């Protein structure tokens, strides 16, 4: 009952085809989940004071060659040509963000500059390694890059760490393992630069009261990182989050700002993603909930249904009210037994089934059944609407009484 590929078919969320290896066809209901996840991340972007931008899908290979990634990663990049020029389909958003940073003179007053994007990335991953939503060729990162001074690093990493635990707690993930990857054998910068950079990550973690462990020698050539691994309800580990310091890319791409002493300074860059791949995170969630998505995420939140034809216009009014309240609602007005309707929508993991018999219509009430088979009895319509709105707005993991 926790295979995201079977559940994804059963709930009509997505499909894959050999015509587009590792690129997801999002169906209506799956795209609803994705969009709702995007809304959630955007709420955190506002709360943590990020800009949100959007970069193009391709950029001249010439620019990618300047980044220092081209040699290590050419074989995993899609390329395409036009008019004697070769373009890379972007595998990451960082160089694009630096291009945005480079427009307009920046000063120290603009820092820290926090730049997020739901970045549509492609990697030419071997087809034999592809698997459902979790190993794909086309993915979307909840990405951001922070441009800051050396003095601002700790405070910026501190905020990233808070954002990580904040976001994972929303989905019920409270068991998190954290690993700090230290200086590799081949690296840029001085040993003193590495001492200070590793300490900044370590102290920011201490300032959040987070125990962690080292992954010795596993840092990037361009700086140390923290990785965050969450545990699902089956105690399976999923590495999702990354906070990566980068002392190389800004210099490579001629990024600079006017310092307070009026000299040209090169900013430090922090790369961070919390969920990682949105597609992969939806896979993880599907398995974690076994398809019983929390109401805020559920493609269809409520189905309103009549026992007989006599309650059809009451169901229509109630459905319009729920629609006006911002709820994802459908009316099931089929000439079918109420038990048939409940079973179908239970199998589809609809959080709430609002049942209207003659007694409900006559009292201006509605009978509420949950997808877990709980009869909550019959309740005043406006009180039920208010409770559903609260469960949705608060992104609650739990259903009503």
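Positions refer to the first chain, counted from 1. C-alpha atoms forming the largest set that superposes within 1.5 Å between two forms make up the rigid core.
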RMS CA shift, core-fitted in 7 other deposited structures of this protein, bigger for 203-211 or for 80-88: 203-211
Stretch farther from the shown model on average in 7 other deposited structures of this protein, with CA RMS computed after core superposition (215-223, 174-182): 215-223
Given 191-199 and 83-91, the range whose Cα B-factors average higher in the PDB entry: 191-199
Higher-B stretch (mean Cα B-factor, as the entry records it), 181-189 or 324-332: 181-189
Options 116, 163, 284, 105 - largest CA temperature factor per the record: 105
Highest recorded Cα temperature factor - choice among 122, 265, 272, 97: 265
Record-listed C-alpha B factor of residue 346: chain third: middle
CA B-factor placement of residue 374, once the chain's modelled residues are sorted into thirds: highest
Position of residue 340 among the chain's modelled residues by C-alpha B-factor, lowest, middle or highest third: highest
Residue 69 - which third its CA temperature factor falls in, relative to the rest of the chain: highest
Within-chain third of residue 77 by Cα B-factor, per the entry: highest
